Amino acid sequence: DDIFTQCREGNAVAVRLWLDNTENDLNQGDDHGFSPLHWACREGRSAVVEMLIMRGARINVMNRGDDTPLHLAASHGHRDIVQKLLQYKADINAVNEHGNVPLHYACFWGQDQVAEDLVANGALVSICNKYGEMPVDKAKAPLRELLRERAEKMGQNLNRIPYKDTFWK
């Protein structure tokens, strides 16, 4: 039983004690690159998430598939944690190895309130992943239509944006 398990399970006292030892590296990922913050965000462990952020955990850390903690919180529908990560300047349009952003996962898993919160905070709806799919197009129809409407009212341009990054071409 290690720091990763304590973060997954929400053993706040154990996590606190572990963080008290400054020789421990609070950003270090496990075997698949999941940091303590990734696990806490994935499993909805709000108090542990706050503790890690306030004690200086890097917010945009990536695991082996280039998911950030925000991707995980969004995918698993942890609304309070999404809001906390955004408060502390998480990159709302962070891309993983597939070019997916957190909104792709909120949409795909019907995490409607997280999806709406993301768009309210400026999350781009029109940005294709590496396979040409925009985040809102992973949603069921009601949510898909809603997020486009909300994005439009937030001053987004709704033109489809094909995937690009520094190494793409």
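All residue numbers refer to positions in the sequence shown, first residue = 1.
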The stretch whose C-alpha atoms carry the larger average B-factor in the entry, 113-121 or 96-104, is 113-121
The stretch whose C-alpha atoms carry the larger average B-factor in the entry, 138-146 or 38-46, is 138-146
The residue of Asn60, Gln28, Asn63, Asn129 with the maximal C-alpha B-factor according to the PDB record is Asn60
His76: CA B-factor among chain residues, third -> middle
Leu158: C-alpha B-factor third of its chain, per the entry, is the highest
Of the three thirds of Cα B-factor ranks in this chain, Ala151 occupies the highest
